[PDB]
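So this first bit is one chain, no partners, the form deposited in one PDB entry, shown in structure tokens.
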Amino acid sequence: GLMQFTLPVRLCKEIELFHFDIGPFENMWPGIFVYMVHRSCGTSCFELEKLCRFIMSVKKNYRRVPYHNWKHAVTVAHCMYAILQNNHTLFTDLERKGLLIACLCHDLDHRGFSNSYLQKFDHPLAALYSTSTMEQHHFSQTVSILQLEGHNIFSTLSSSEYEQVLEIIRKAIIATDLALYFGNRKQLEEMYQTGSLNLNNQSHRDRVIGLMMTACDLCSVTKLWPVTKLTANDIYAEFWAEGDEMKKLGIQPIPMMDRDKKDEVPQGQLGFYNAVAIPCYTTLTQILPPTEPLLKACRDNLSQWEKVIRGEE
């Protein structure tokens, strides 16, 4: 009960900031996640023995791919932690529990390939789940790990609390399917502008939680320029591997995925910031004003990509 996780002083302070980087020491990441659960939720939210076993099983079920890896999982959970701490009173005990676990699990057993590649490959998961293919797989994998003996971190919830938290995690993980994000933000935009947005409306909370999941999922665009720039190499290493696999199926990939067209990357990140990231953090900053640092950081990195193009780096 009385056993706190503490971090070194620099981590203890920087972990509270949106732009925190979890660092290159893999063995500290489980401790960093537990620390975040303890401050965001309480030291009673989860049985430590079970949580530790759940974390190590989640870690084992992430693959050694350049980007969609265990480090991405913990990075996305830390952004959720920063959003939850800067918006203390807006979220329920169930939501704070559910959302950190959702973020940690949101890309479970990812192969570094998109839903499009699975469909064109004709991968069995594409027959099993016709839309949000990988995301339905990620939720399936989360449930599987929760059902391992000694892994059910939720076992002390009432029957209906358990159903609500698994329903929060499912929606949260499905919302990380970027094809669903565009319509979700458009709706949140209309609701905020016509002033019909209402956080006591469950269906409205769902939408807001989805945008938070998009916001955390993209949070590599909200770090200090060097972090953001070096992560973009990991992201493109997956894209180019997928591009190669498209060519193997006799399909010319989109230029963003073609490793012959690396020149077109900076312009590609521009389109992504303008079409996805900026609109995402703008709408988020309108609903949850304290998340403004993510928008500011994202605009800062947009400006860095403009500089790469103008040949200034």
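Shifts are known only where both forms have a C-alpha. Start at 1 with the first residue shown and count on from there. Basically, rigid core = biggest C-alpha set you can superpose within 1.5 Å across the two forms.
Below: the form deposited in another entry, not depicted.
| 2 Å or more on the CA of residue 9 between this form and the one not shown, with the rigid core superposed, yes or no? | After core superposition, the C-alpha of residue 9 moves 2 Å or more between this form and the one not shown.
| Taking the rigid core as reference, does residue 26 move its C-alpha 2 Å or further between this form and the one not shown? | Yes, the C-alpha moves 2 Å or more.
| After core alignment, residue runs (3 or more) whose Cα moves 2 Å or more between this form and the one not shown | Three-plus residue runs displaced between this form and the one not shown: 1 to 10, 23 to 27.
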